[PDB]
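1. My sequence and its experimental structure, below.
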Amino acid sequence: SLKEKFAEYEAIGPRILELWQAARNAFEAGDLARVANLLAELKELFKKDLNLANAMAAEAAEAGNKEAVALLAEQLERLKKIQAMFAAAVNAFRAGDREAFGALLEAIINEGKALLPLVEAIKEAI
């Protein structure tokens with residue numbers, strides 16, 4: 001069902017946010033091995049998040065829930081931007097561009113925060 005997916009989707013956003021913030025803390029501490037570990041887990045969770053948003057858009061389309069498709073579309077537009085920020089963050093990490101990495105971390109975390117309120121609305125539309 002569409003509700004079965006939303007339940008997984010809703011749980012994963014706050015986990016992602018927490019790991020982005022842990023990545024930042026570990027980076028300021030110099031714990032680069034843990035930064036890497038956190039990034040490795042973030043790529044998995046982010047892939048999971050994006051796949052669920054698309055699947056729910058497909059599922060909400062089948063049911064004619066036009067309101068949910070629309071909420072899911074603006075969330076997918078944000079996800080696409082986060083994906084590009086993520087890719088730039090990973091390259092900054094590998095290059096040791098500390099100022100780029102630190103700035104990208106801020107931008108990603110703020111985008112992560114901005115996603116959560118809209119996830120709430122999706123609960124209501126399904």
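-> Looks like it arrived, so ask away. Residues are numbered from 1 along each chain as shown.
2. From now on I want contacts and neighbour counts done on CA atoms only, so please keep to that.
-> Fine.
3. which element is the spatially most central residue of the chain on?
-> Nearest to the geometric centre of the chain sits residue 46, at 5.2 Å (C-alpha atoms, centre = their mean). Applying DSSP states H and E as the criterion places residue 46 in helix 32-62.
4. and residue 82, what does it touch?
-> 108, 111-112 (C-alpha atoms under 8 Å, 6 or more residues apart in numbering).
5. In helices, which of those appear?
-> Judged by DSSP state H, these include 108, 111-112 as members of helices.
6. Quick check: of those, which has the highest neighbour count?
-> residue 108 (22 neighbours; other C-alpha atoms under 10 Å).
7. In contact with that residue: list those residues for me.
-> By C-alpha under 8 Å, 6+ apart, the residues touching residue 108 are 20, 82, 85-86.
8. what's the spacing between it and residue 80?
-> 12 Å (C-alpha to C-alpha, to the nearest Å).
9. Then residue 26?
-> The gap separating residue 26 from residue 80 is 25 Å, by C-alpha to C-alpha.
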